[PDB]
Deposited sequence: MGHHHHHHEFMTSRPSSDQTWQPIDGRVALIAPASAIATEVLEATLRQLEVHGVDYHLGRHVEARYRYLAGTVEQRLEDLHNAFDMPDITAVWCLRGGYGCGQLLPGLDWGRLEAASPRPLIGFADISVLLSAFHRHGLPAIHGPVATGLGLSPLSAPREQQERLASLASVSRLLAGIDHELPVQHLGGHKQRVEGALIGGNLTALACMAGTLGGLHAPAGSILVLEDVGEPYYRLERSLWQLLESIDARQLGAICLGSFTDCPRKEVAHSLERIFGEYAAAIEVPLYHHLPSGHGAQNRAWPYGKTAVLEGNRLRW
């Protein structure tokens, strides 16, 4: 059953590399982790505030590095996205991270930037709910939260997806992407999306008018070797007001996919709505039939 958590072996490090956390949401998160018998390590600066950021870059880097020093940690679950984790990229000690025993980094939204950087450096990661999702359709939300422990245990290996137009084909490549806006906002920097040839580019977003999505897509595709992608795979675009625009969002995305001669898929249950099922970031997967399979 998909609301059922798997035990998480070892300990989960909780860090806040992006936006600041409300006290009551943090405490509610920890209580839910305890309900589930999850042993955790709380980063020492998770309650820090520096404007809307969870502390200074230096504070956040200390917590992320500490998460990689402790030997019993088997996953690093980001508490909140929002904005700010790209700020850490010029400070990360990548060597100290490759040397630690495997501990997938987990999150979505702004955390997509760190997922991509981790993939570039050969580090495991998971695109899925942030941990404060625990402290906030309710059934879908609960299945999405449960999907993290289930993927860490290796017991889920597929999601449903639909091919939009085109023709029947099989696409195999690395799973990359996440939040369109966050990733576009790293183009031209050291944190630009890692997009090896043949990759399946997953995209989702929230809270944007269509012209801002198109602008972001144009930028992202112009900044990578787009013609060498295997596929573009849309998750959800939630709270994105159409505002009288003549073309649907899928028409716009379809025009871009056609221009680069890459197939387009959609309805992956991933993003800012109730459906946000975890998927392994940077692994080889196959688009076949009606699913994405790893």
{"item": "Sequence ranges absent from the coordinates, based on the deposited chain and numbered from 1", "value": "1-16, 153-159"}
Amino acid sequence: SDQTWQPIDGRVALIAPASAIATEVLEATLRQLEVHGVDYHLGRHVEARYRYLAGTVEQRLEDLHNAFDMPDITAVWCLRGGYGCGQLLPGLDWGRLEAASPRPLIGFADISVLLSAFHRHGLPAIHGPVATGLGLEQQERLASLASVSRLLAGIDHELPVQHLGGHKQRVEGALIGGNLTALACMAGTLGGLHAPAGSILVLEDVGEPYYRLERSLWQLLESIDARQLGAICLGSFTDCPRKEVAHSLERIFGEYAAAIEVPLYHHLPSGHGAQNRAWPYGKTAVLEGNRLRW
From here on, numbers count along this sequence of modelled residues.
item	value
Higher-scoring stretch by recorded Cα B factor average, 179-187 or 163-171	163-171
Average Cα temperature factor in the PDB entry - higher stretch of 144-152, 106-114	144-152
C-alpha B-factor winner, where the candidates are 214, 98, 204, 222	98
Which of 55, 269, 230, 43 ranks first by CA B-factor in the deposited coordinates	43
CA B-factor placement of residue 235, once the chain's modelled residues are sorted into thirds	lowest
Third of the chain, ranked by Cα B-factor, where residue 87 sits	lowest
Among modelled residues of the same chain, the CA temperature factor third for residue 21	highest
CA B-factor ranking of residue 128, expressed as a third of its chain	lowest
CA B-factor ranking of residue 76, expressed as a third of its chain	lowest
